[PDB]
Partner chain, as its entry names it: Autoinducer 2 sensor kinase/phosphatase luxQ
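Coming up is one lone chain in structure tokens, specifically the form deposited without the partner chain.
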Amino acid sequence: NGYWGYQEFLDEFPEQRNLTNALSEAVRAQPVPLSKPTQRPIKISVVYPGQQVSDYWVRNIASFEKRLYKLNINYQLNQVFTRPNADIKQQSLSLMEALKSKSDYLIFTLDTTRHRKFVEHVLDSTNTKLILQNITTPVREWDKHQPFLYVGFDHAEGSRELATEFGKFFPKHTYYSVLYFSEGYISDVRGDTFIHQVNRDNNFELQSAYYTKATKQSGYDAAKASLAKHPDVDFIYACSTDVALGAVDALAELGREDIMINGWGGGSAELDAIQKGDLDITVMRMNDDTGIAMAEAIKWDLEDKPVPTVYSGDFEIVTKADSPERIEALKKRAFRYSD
């Protein structure tokens, strides 16, 4: 709460549903280069998390850049990567550092339930247009001055999808445990969604839930702790890729192939795990649509057209039973720009 649902926000503001639908159609269709020429190259700053097992951020940037080049948009890209185990203070520092640069657009990610007012205050203190990655639920407080774009793949949707699938894999009252992200927005929107739906619809019983540092090692450690205290579960729900892959390592170590485990995002490492059989299911992002959306949103802004506040991309479900052909087809769709 303090957030709009994606679909709810689109229901409340039809103009926005039009703008977002239009953007989706623009993403789907062939590049249509910049109508109105620019005065000079546009300056773009990026603050993203580096050194993760998840390829989402790097792929995102790659697709963004490809699409910019095809729209004949002339840009300069200053990329900053935050070291892992980087505090939120450290992230905020990287962020101010990037604001010094006085760029036209700033693309970044930050926990908005832990640094809500910080971001609200950055918003009110620069002419740089902000794009918030990996969030698709606009903040209610910010009605006076929303950022230029919230962009991502809606966490609650993907979680609902996973919930529905686990509902098919297992009978009512199944015991399970959860591996959250770090405390904050992602855990709330991927984990609690899942727990709520699964409890309400299938009467599953949660045996334990653990926060992580959002790293592979942490998902491994947390899986080990969790199974040490609660060995008897039929599956573990993981809130993210790195945590899932750590947990897979732990499950192999403890010899627990009787436990099911999901991925979250469906990037390359996950798809490999799925094809190996290590990961049982995932919800796959059609990854590149969000890089392209951002490039399309900047075009419109430069052609002086209205830009929607939010854009979410779509998902597919993938299981270890899917054929190589299905997988390759999905990769063809998701990594069309970033390969």
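Under this definition, the rigid core comprises the largest set of C-alpha atoms superposing within 1.5 Å between the forms. Positions refer to the first chain, counted from 1.
If you look for the form solved in complex with the partner chain, you will not find it shown, but the lines that follow are about it.
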Location of the partner chain contact in the entry with it bound, chosen stretch of 256 to 264, 182 to 190, 127 to 135, 231 to 239 [non-hydrogen atom, 4.5 Å]: 182 to 190
Partner proximity in the entry with it bound: residue 201 to the partner chain, non-hydrogen atom cutoff 4.5 Å: no
Close approach of residue 5 to the partner chain in the entry with it bound, 4.5 Å, heavy atom: no
Proximity of residue 208 to the partner chain in the entry with it bound, heavy atoms at 4.5 Å: yes
Residue 102, heavy atom within 4.5 angstroms of the partner chain in the entry with it bound: no
Heavy atom within 4.5 Å of the partner chain in the entry with it bound - qualifying residues of 134 to 155: 140, 141
Of the candidates 140, 114, 256, 230, the only Cα that travels 2 Å or more between this form and the one not shown, given a rigid-core fit: 114
Outcome for the Cα pair residue 198, residue 114 in the entry with it bound, compared with this form (closer or farther; change of 3 Å or more): farther
Direction of C-alpha distance change in the entry with it bound, residue 118 to residue 108 (at least 3 Å): closer
